[PDB]
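Worksheet: the structure to be examined is printed underneath.
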Amino acid sequence: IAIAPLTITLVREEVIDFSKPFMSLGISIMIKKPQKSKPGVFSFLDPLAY
Amino acid sequence: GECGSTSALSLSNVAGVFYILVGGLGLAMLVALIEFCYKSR
């Protein structure tokens, strides 16, 4: 028996049996986390230039 | 396509007022002082 995070596909069904899905998933999109922390001091004089 | 298809921050785009009006400062200052030294003269 094989128990693993295995995707169920037709070609995989066509050769062996899969149980009912215990976990439903979809395609995901992974990007970075761009973090721009709000300045405390310089954010005051921020807009034009010092 | 290779040529594709915000928070602007002004630095000196507005500085043009300076070398003209700021110049007018010493302008009217000098001209005035000339009028004064002429009057007292």
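Note that we place each Cβ from the backbone using ideal geometry, even for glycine, and neighbour counts take in every protein chain shown. Each reported figure results from applying straightforward, stated rules to the coordinates on display, with no laboratory input.
Rounded to two decimals, what is Rg over Rh for chain A when you use alpha-carbon atoms and the Kirkwood radius? Show your work: numbers first, answer last.
Details: Rg = 24.9 Å, Rh = 16.5 Å.
When Rh is taken as the Kirkwood radius, the ratio is 1.51.
Using square roots of five times the C-alpha gyration tensor eigenvalues, list the equivalent-ellipsoid semi-axes of chain B in whole Å, biggest first.
Values: eigenvalues 466, 14, 4 Å².
Working from the Cα gyration tensor, I get semi-axes of 48, 8, 4 Å.
Between B:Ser7 and A:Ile29, what is the FRET efficiency for a Förster distance of 30 Å, r being their Cβ-Cβ separation, to the nearest 0.05? Spell out each step's value before the answer.
Working: r = 26 Å, r/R0 = 0.86.
Rounded to the nearest 0.05, the efficiency is 0.70.
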(request) Towards the positive end of the charge dipole of the protein assembly as shown, with charges on Cβ (+1 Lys, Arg; -1 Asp, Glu), say which of B:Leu9, A:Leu10, B:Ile34 has the farthest Cα. (result) B:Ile34
